[PDB]
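Asker: Handing you a structure now.
Virtual Cβ from ideal backbone geometry, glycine too; neighbours counted across all protein chains shown. Just so it is clear, none of the values below were taken in a lab; they were calculated from the coordinates.
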There are 2 protein chains.
Amino acid sequence: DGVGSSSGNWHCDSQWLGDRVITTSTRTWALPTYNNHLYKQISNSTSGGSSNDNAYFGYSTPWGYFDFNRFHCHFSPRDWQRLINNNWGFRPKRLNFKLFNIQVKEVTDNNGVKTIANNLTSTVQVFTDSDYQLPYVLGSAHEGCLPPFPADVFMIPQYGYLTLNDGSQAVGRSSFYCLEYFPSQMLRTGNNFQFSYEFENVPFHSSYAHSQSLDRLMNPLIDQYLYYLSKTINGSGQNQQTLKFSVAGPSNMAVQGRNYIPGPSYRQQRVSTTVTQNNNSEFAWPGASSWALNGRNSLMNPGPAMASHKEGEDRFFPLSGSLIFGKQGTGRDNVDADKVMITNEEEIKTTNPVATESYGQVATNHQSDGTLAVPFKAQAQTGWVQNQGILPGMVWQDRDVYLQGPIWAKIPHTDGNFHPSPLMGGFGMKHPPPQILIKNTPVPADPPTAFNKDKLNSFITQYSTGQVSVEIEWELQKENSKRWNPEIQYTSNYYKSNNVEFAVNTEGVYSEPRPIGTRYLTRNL
Amino acid sequence: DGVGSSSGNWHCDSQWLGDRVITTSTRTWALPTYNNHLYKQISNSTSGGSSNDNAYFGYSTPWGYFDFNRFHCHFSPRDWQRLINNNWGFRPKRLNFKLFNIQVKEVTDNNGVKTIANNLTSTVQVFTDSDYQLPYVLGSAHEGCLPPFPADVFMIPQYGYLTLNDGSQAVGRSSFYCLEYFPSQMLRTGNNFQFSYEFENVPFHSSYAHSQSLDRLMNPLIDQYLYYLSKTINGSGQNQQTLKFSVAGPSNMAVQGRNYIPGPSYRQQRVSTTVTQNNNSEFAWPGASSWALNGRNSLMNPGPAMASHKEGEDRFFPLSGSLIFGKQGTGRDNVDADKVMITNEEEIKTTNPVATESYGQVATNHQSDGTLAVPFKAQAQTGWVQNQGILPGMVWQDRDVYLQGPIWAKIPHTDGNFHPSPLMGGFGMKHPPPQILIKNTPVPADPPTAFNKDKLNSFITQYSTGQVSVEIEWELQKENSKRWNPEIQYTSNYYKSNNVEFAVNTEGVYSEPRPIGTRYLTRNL
């Protein structure tokens, strides 16, 4: 311990074991003081924005939190390639978290001059919400994480939460949390923080595409011993109704009897990246699939995992069915299509319905010739099935994970859930990795010599710095294919370019070229 | 130990055991230097105020003290609800006190510019007056306590005391205390302070109302086998005097013989919150119940625990019979009624007399027809009993405690006391939790190079900061009612509002909505 000794070392390697890859990553963080050490209440009226769908009520906190809920926080692009190129699945096993080499620095403003001196006696407060009794804000895909490049220094995002709102107003059930009501650990520059977590049993993420389609699952050489109705009439005429049956075989695979059906659907609007093919109207919000809760509408975004487009239609994407990432230096609002990268889910078109199609059709009447009830002869009529819930015999794949994307989500604590895999992709857990909340301990400037009962709003301006390390052990599923054919692999290209992909440029800014998914290997259905 | 290691952690939780709830609370304090390290003598002439009732003599001290003698220092509103909603009583058991992460900071003034540097070698002095040989100033309901909201930073109040005064002058018995005459502990930023205290045996506070009245304590179906005088005459006329008796029964409950009587009374003036019903005169001081001591008058305030008002009269309050709290941001003087909240004691109207009524009537003469002594026939005359001391057979309840209110008082060391429960509510103890006195150690600026025998009035300006934690174990009395009816419970309301009650607003200031008492459950008498 002490000022002159370091409380930890830098460790950002990857170690590949038999069936385990252990990722470690160290980053340098900076923590400012948030809210001037206050617990301000926030609303949509607080920021002035007015829309019932956007109305909120909640609390801003003086605490920051650590987010490492993205894959690029733990995998280099090369490590990601090494994982996705020969592994059918992976899952997290255990997590280790370290916080070391903390330094609190006091900034002083004399006549508009910033002088930074370090404050050896000030502390920083840290705790992990291990009993899950705080609102959980990891798992909402927030831009505050550990940076992908190990040489970057990041600001810690401010922690805050929303509670129940009646528009801009709170209600009786609205809960307020003082984070200072939890027991924290106090650290002053000689101290470090260690946290260990075991992931609950999650299924392996399917790191493969299917080399076989759900409708092409039979032997193409042999008939089926089942019959289907093939003819209902005997050609043109009146009163010529028959009932002919024929064997389902390889010549007519569409009518073949099947044991399993494609997974559920919730249709989305189709938007093409060739804008001339799009309608000359504003339909981004009006014309977007949504769900309603307590009288307000949320974009589906991204909804059930569906195939982004049909074979031969890569220009089309669902309106809110895909994850869209910014490239690098992309601005917050109204950026051009080329400024963002749209991911697709085309590998799951073998089992999942296409996001912008309508999942087949159902009968919507009784076809008839004529009865006693009516003399109206009705021909068979079909309706389109735009949204289909789960049926028995239904199989599907989940959404892919990306290097840029999230790793885990917290399953909401409810009486019932179905297949609680997060819709944005990743591992859904009842008890995810706990939030780590961190705060500079307020240091009052100087009290008045006579007593005053007010709560001392004058403080010394200071921020903390440190190193954070995250260690995750991942269990791997080794690909064991008997396929003779060479497989599709993620690769870099051997063509001369200005910069190397997944490197820094002449400026020194690191950028990621495209969103890399985990489905390159193949399996039979 | 050392500058770079913290000497304690943040711990402000609550743990509910079987019959024990352990409250811990950590706060950040700031301690200025008081009096320029001096022991000034103070009087009413020192501040100039002239009134014999307000005349005082005493001493101002350079020390601060820690006060956590309020319930909101230890209970969140939710914890308070969890306590009052299912518990018939509670009492403190043991106390733990910690003082850690002390930092002394030197403030310098160069050309009107404040620069705060920390002074690693300066100390802070702490001691607990464990032998109770200092004047005890906790237990006077002073605005200096640990703040209710854990995220607030508070100034430590200056310690001072009063001794015997002859107006503005002292007398021979007047005692002066040098606080530096006690052994203190000295702390410089690596050191911490720990203090443990066991509460003496106090009774459980009655955390219930009575579901039965003292005058309604019989069986309403059966007579009483006791008789009362019912008729003294036989109707209109002269010389028609009789003595008729009848059984006391359910039809006449007022004359029924009883074993126990309501507790003592000291009548107070009735003031209504509808000001039009109040008299158009100034009567706040003239017209206030008071007691005199050595020729000067003190407001009763709040006096014996009495029911604040009769059933159906909530607009009325006793002039000084209730605790009145300020709401939030309420000013020191002449604030409007809506700026303060008046507590009531209506739950104890089942055993205690109403504060603004007169406790029944007594006979004040001998009724007679005529004797040898006089020919004057006197009819029965009654006087009103405005104040009643304790009688045998008398039962009463004490004043309620509030979340905003005090916890304990020191019983004055006297030959005799009766029922030494504090009049403002709480637990009266001969040996309450000891005062914790704290002071920055004076650091002289720089002495002159030639010797001078004067006492070095030049000092370095500095203040201390730190964390304080208080841990109290409370013994609980679990409610064990056989009542079929659902009970009254403290609850929040489910109606849309701008802010959540007992939270912070958009500004970030925490406020408490109303004064919550502890009497919601019921018991039989």
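Asker: For residue B:342, indicate whether it is in contact (Cβ under 8 Å) with a residue 40 or more places away in the chain, in contact with a strand residue (DSSP E or B) (Cβ under 9 Å, 6 or more places away or on another chain) and crowded, with 17+ Cβ neighbours inside 10 Å. Walk me through how you get there before you give the answer.
Answerer: On the way: in contact (Cβ under 8 Å) with a residue 40 or more places away in the chain: yes; in contact with a strand residue (DSSP E or B) (Cβ under 9 Å, 6 or more places away or on another chain): yes; crowded, with 17+ Cβ neighbours inside 10 Å: no.
So residue B:342 does not fit the description; no.
Asker: Counting only residues that are buried (at least 21 other Cβ atoms within 10 Å of the Cβ) and outside any strand (DSSP E or B), which one in the range B:124-143 is farthest from the other protein chains (Cβ to nearest Cβ)?
Answerer: The qualifying residue farthest from the other protein chains (Cβ to nearest Cβ) is B:139.
Asker: Given the structure, is residue A:23 crowded, with 17+ Cβ neighbours inside 10 Å and in contact (Cβ under 8 Å) with a residue 12 or more places away in the chain? Let's see the steps before the verdict.
Answerer: Working: crowded, with 17+ Cβ neighbours inside 10 Å: yes; in contact (Cβ under 8 Å) with a residue 12 or more places away in the chain: yes.
Judged against the criteria, residue A:23 is a match.
Every residue, every condition in (1) in a loop (DSSP other than H, G, I, E, B); (2) surrounded by fewer than 16 Cβ atoms within 10 Å (Cβ to Cβ); (3) among the β-branched types (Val, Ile, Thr), yes or no:
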{"residue": "A:162", "(1), (2), (3)": "no, yes, no"}
{"residue": "A:194", "(1), (2), (3)": "no, yes, no"}
{"residue": "A:197", "(1), (2), (3)": "no, no, no"}
{"residue": "A:203", "(1), (2), (3)": "yes, yes, no"}
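Asker: Would you check which residues across the range A:129-170 are out of contact with any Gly (no Cβ under 7 Å at 6 or more places or on another chain), hydrophobic (A, V, I, L, M, F, W, C) and over 19 Å from residue A:32 (Cα atoms) and list them?
Answerer: Keep residues of the range A:129-170 that are out of contact with any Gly (no Cβ under 7 Å at 6 or more places or on another chain), which gives A:129-155, A:164-170.
Cutting the leftovers down to hydrophobic (A, V, I, L, M, F, W, C) gives us A:134, A:137-138, A:141, A:145-146, A:149, A:151, A:153-155, A:164, A:170.
The answer is A:134, A:137, A:138, A:141, A:149, A:151, A:164, A:170.
Asker: Any residue at all in the range A:155-165 that's touching a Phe, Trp or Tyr at 6+ places or on another chain (Cβ under 6 Å) and away from every other protein chain (no Cβ under 14 Å)?
Answerer: yes
Asker: How about the range A:264-277: which of its residues are surrounded by fewer than 17 Cβ atoms within 10 Å (Cβ to Cβ) and farther than 19 Å from residue A:324 by Cα?
Answerer: Selection gives A:276, A:277.
Asker: Being surrounded by fewer than 15 Cβ atoms within 10 Å (Cβ to Cβ) and within 24 Å of residue A:352 (Cα to Cα) is the filter here; which residues of the range A:234-257 pass it?
Answerer: Of everything in the range A:234-257, those that are surrounded by fewer than 15 Cβ atoms within 10 Å (Cβ to Cβ) and within 24 Å of residue A:352 (Cα to Cα) turn out to be A:250, A:252, A:254, A:257.
Asker: With the structure loaded, tell me whether residue A:294 is surrounded by fewer than 18 Cβ atoms within 10 Å (Cβ to Cβ) and over 15 Å from residue A:265 (Cβ atoms) or whether it fails that test.
Answerer: Against the criterion (surrounded by fewer than 18 Cβ atoms within 10 Å (Cβ to Cβ) and over 15 Å from residue A:265 (Cβ atoms)), residue A:294 qualifies.
Asker: Name the one entry in A:169, A:125, A:194 that is over 14 Å from residue A:436 (Cα atoms) and either free of Cβ contacts under 8 Å to residues at least 60 places away in the same chain or in contact with a strand residue (DSSP E or B) (Cβ under 9 Å, 6 or more places away or on another chain) (or both). Before you say what the answer is, go through the steps one by one.
Answerer: Working: A:125 fails: over 14 Å from residue A:436 (Cα atoms); A:194 fails: over 14 Å from residue A:436 (Cα atoms).
Step by step, each of A:169, A:125, A:194 is checked, and only A:169 is over 14 Å from residue A:436 (Cα atoms) and either free of Cβ contacts under 8 Å to residues at least 60 places away in the same chain or in contact with a strand residue (DSSP E or B) (Cβ under 9 Å, 6 or more places away or on another chain) (or both).
Asker: Which one of these is in contact with a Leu (Cβ under 7 Å, 6 or more places away or on another chain) and within 30 Å of residue B:132 (Cβ to Cβ): B:472, B:516, B:436?
Answerer: On the way: B:516 fails: within 30 Å of residue B:132 (Cβ to Cβ); B:436 fails: in contact with a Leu (Cβ under 7 Å, 6 or more places away or on another chain).
Sole residue among the options that is in contact with a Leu (Cβ under 7 Å, 6 or more places away or on another chain) and within 30 Å of residue B:132 (Cβ to Cβ): B:472.
Asker: Out of A:71, A:75, report the one residue that is within 19 Å of residue A:428 (Cβ to Cβ) and touching a helix residue (DSSP H, G or I) at 6+ places or on another chain (Cβ under 8 Å).
Answerer: Testing whether each residue is within 19 Å of residue A:428 (Cβ to Cβ) and touching a helix residue (DSSP H, G or I) at 6+ places or on another chain (Cβ under 8 Å) leaves just A:71.
Asker: Shifting gears a bit: State yes or no: is residue B:15 within 14 Å of chain A (Cβ to nearest Cβ) and surrounded by fewer than 16 Cβ atoms within 10 Å (Cβ to Cβ)? It would help to see each step written out before you state the result.
Answerer: On the way: within 14 Å of chain A (Cβ to nearest Cβ): yes; surrounded by fewer than 16 Cβ atoms within 10 Å (Cβ to Cβ): yes.
Yes, satisfied.
Asker: Could you please find all residues in the range A:502-513 being within 21 Å of residue A:146 (Cβ to Cβ) and surrounded by 12 or more Cβ atoms within 10 Å (Cβ to Cβ)? Step through it out loud before you land on a result.
Answerer: Filtering the range A:502-513 for residues within 21 Å of residue A:146 (Cβ to Cβ) gives A:502-504, A:508-513.
Within the range A:502-513, A:502, A:504, A:510, A:511, A:512, A:513 meet the criteria.
Asker: Which numbered condition trips up residue B:5, out of (1) within 13 Å of chain A (Cβ to nearest Cβ); (2) more than 30 Å from residue B:483 (Cα to Cα); (3) touching a strand residue (DSSP E or B) at 6+ places or on another chain (Cβ under 6 Å); (4) among the hydroxyl-bearing types (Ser, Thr, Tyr)?
Answerer: (3)
Asker: A follow-up question, please. Quick check on my filter: what residues within the range A:80-119 are closer than 23 Å to residue A:469 by Cβ, within 14 Å of another protein chain (Cβ to nearest Cβ) and either touching a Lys or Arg at 6+ places or on another chain (Cβ under 9 Å) or acidic (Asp, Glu) (or both)? Outline the logic, then answer.
Answerer: Initially, the range A:80-119 is screened for residues closer than 23 Å to residue A:469 by Cβ, giving A:80, A:82-83, A:90-105, A:118.
From what's left, within 14 Å of another protein chain (Cβ to nearest Cβ): A:99-105, A:118.
Of everything in the range A:80-119, those that are closer than 23 Å to residue A:469 by Cβ, within 14 Å of another protein chain (Cβ to nearest Cβ) and either touching a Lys or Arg at 6+ places or on another chain (Cβ under 9 Å) or acidic (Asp, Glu) (or both) turn out to be A:102, A:104, A:118.
Asker: Applying the selection to the range A:437-454, what residues are farther than 13 Å from residue B:463 by Cα and either surrounded by fewer than 17 Cβ atoms within 10 Å (Cβ to Cβ) or in contact with a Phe, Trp or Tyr (Cβ under 6 Å, 6 or more places away or on another chain) (or both)?
Answerer: Within the range A:437-454, A:437, A:439, A:442, A:452, A:453, A:454 qualify.
Asker: Given (1) touching a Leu at 6+ places or on another chain (Cβ under 9 Å); (2) among the charged types (D, E, K, R); (3) surrounded by fewer than 15 Cβ atoms within 10 Å (Cβ to Cβ), where does residue A:109 come up short, assuming only one miss?
Answerer: (1)
Asker: Answer with yes or no whether residue A:472 is β-branched (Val, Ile, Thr) and either closer than 30 Å to residue B:146 by Cβ or surrounded by fewer than 17 Cβ atoms within 10 Å (Cβ to Cβ) (or both). Give the derivation first.
Answerer: Details: β-branched (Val, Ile, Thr): yes; either closer than 30 Å to residue B:146 by Cβ or surrounded by fewer than 17 Cβ atoms within 10 Å (Cβ to Cβ) (or both): no.
Criteria not met by residue A:472.
Asker: Another question, if that's okay. Of everything in the range B:1-57, what is among the hydroxyl-bearing types (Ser, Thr, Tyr) and under 25 Å from residue A:449 (Cα atoms)? Give them in sequence order. Show your work before the answer.
Answerer: Residues of the range B:1-57 among the hydroxyl-bearing types (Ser, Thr, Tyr): B:5-7, B:14, B:23-26, B:28, B:33-34, B:39, B:43, B:45-47, B:50-51, B:56.
Correct list: B:26, B:28, B:33, B:34, B:39, B:43, B:45, B:46, B:47, B:56.
Asker: Inside the range B:354-388, can you point out the residues that are in a loop (DSSP other than H, G, I, E, B), within 21 Å of residue B:322 (Cα to Cα) and among the polar types (S, T, N, Q)?
Answerer: The answer is B:356, B:358, B:386.
Asker: When you scan the range A:25-33, do you find a residue that is out of contact with any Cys (no Cβ under 7 Å at 6 or more places or on another chain) and within 14 Å of chain B (Cβ to nearest Cβ), even just one?
Answerer: Initially, the range A:25-33 is screened for residues out of contact with any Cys (no Cβ under 7 Å at 6 or more places or on another chain), giving A:27-33.
Next, only the ones that are within 14 Å of chain B (Cβ to nearest Cβ) stay: A:33.
Checking the range A:25-33: at least one residue is out of contact with any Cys (no Cβ under 7 Å at 6 or more places or on another chain) and within 14 Å of chain B (Cβ to nearest Cβ).
Asker: Still on this model: Quick test for you: out of B:509, B:468, B:504, pick the one residue that is more than 11 Å from every other protein chain (Cβ to nearest Cβ) and among the hydrophobic types (A, V, I, L, M, F, W, C). Lay out the reasoning, then the answer.
Answerer: Values: B:509 fails: more than 11 Å from every other protein chain (Cβ to nearest Cβ); B:504 fails: more than 11 Å from every other protein chain (Cβ to nearest Cβ).
Exactly one of B:509, B:468, B:504 is more than 11 Å from every other protein chain (Cβ to nearest Cβ) and among the hydrophobic types (A, V, I, L, M, F, W, C), namely B:468.
Asker: Determine, yes or no, whether residue B:152 is of a type in the set (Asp, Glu) and facing chain A (nearest Cβ under 10 Å). Quick ask: steps written out before the conclusion?
Answerer: Numbers: of a type in the set (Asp, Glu): yes; facing chain A (nearest Cβ under 10 Å): yes.
Here the answer is yes, as residue B:152 does meet what is asked.
Asker: Report whether or not residue B:93 is surrounded by fewer than 19 Cβ atoms within 10 Å (Cβ to Cβ), touching a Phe, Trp or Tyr at 6+ places or on another chain (Cβ under 9 Å) and among the basic types (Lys, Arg). Don't jump to the end; show me each part of the working.
Answerer: Numbers: surrounded by fewer than 19 Cβ atoms within 10 Å (Cβ to Cβ): yes; touching a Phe, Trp or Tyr at 6+ places or on another chain (Cβ under 9 Å): yes; among the basic types (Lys, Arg): yes.
Judged against the criteria, residue B:93 is a match.
Asker: Still on this structure, please answer the following. Strands (runs of 3 or more DSSP E) wholly in the range A:418-525 with at least 3 residues that are within 26 Å of residue A:60 (Cα to Cα) - which ones?
Answerer: Qualifying strands (runs of 3 or more DSSP E): A:436-440, A:462-477.
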